[PDB]
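Breakdown of the fold
Each chain, letter by letter, is given below.
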Amino acid sequence: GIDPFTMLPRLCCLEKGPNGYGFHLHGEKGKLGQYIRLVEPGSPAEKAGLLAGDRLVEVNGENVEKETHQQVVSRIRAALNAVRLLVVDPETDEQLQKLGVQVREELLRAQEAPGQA
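Looking at the method field of the entry, one finds solution NMR.

**Quick notes on the pattern of salt bridges**
Applying the stated criterion to the full structure yields seven salt bridges. For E65, the salt bridge is made with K66, and the minimal N-O distance between the two is 2.7 Å. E106 serves as the salt-bridge partner of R109, at 2.7 Å between the closest nitrogen and oxygen. In this pair, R109 and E106 are both assigned in helix 4 (residues 106-109), three residues apart and thus about one turn of the helix distant. Accessibility expressed as a relative area gives 53% for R109, which makes it exposed. With a relative accessible area of 19%, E106 lands in the buried category.

**Focus: helix 3 (residues 90-97)**
For helix 3, the complete set of buried residues consists of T92, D93 and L96. Projection of helix 3 onto a plane perpendicular to its axis shows the buried side chains occupying an angular sector of 105 degrees, all on one side. Check the buried side of helix 3 and you find it contacts strand 4 (55-59), strand 6 (82-88) and helix 4.

Cut-offs applied
- Residues numbered from 1 in each chain as written, not as in the entry; some residues may be left out.
- Heavy atoms only, no water.
- Salt bridge = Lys/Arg side-chain N within 4 Å of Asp/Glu carboxyl O.
- Helix = DSSP H or I, 4+ residues; strand = E, 2+ residues; numbered from the N terminus.
- Buried < 20%, exposed > 50% of the residue type's maximum accessible area, 1.4 Å probe, protein only.
- Arc of directions from axis to C-beta.
- Contact = heavy atoms within 4.5 Å.

Structure below.
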């Protein structure tokens, strides 16, 4: 039997503290997405569940799957006191996308009957 879903994306809501959010975001050359480069131990970023390796899929509520470092930062600026980061394990993202499911948010919703229904 095949598992339709596995280790799905997570919208991580973290708050801006004395050191910002305590995470370093970078866009890998060759690729067209943003990834968690570093999580500063003791930051609210850890509390939200950010791990160095997760792919940034969405920011606050704006899709940044294919968006550039500058484009995401601009969306990050729209965070008043706290930012919502939608992230998923990079290997899983590609396989789940092959299933045609919108990893950005619809996946988190459609945990009830896999799909838009």
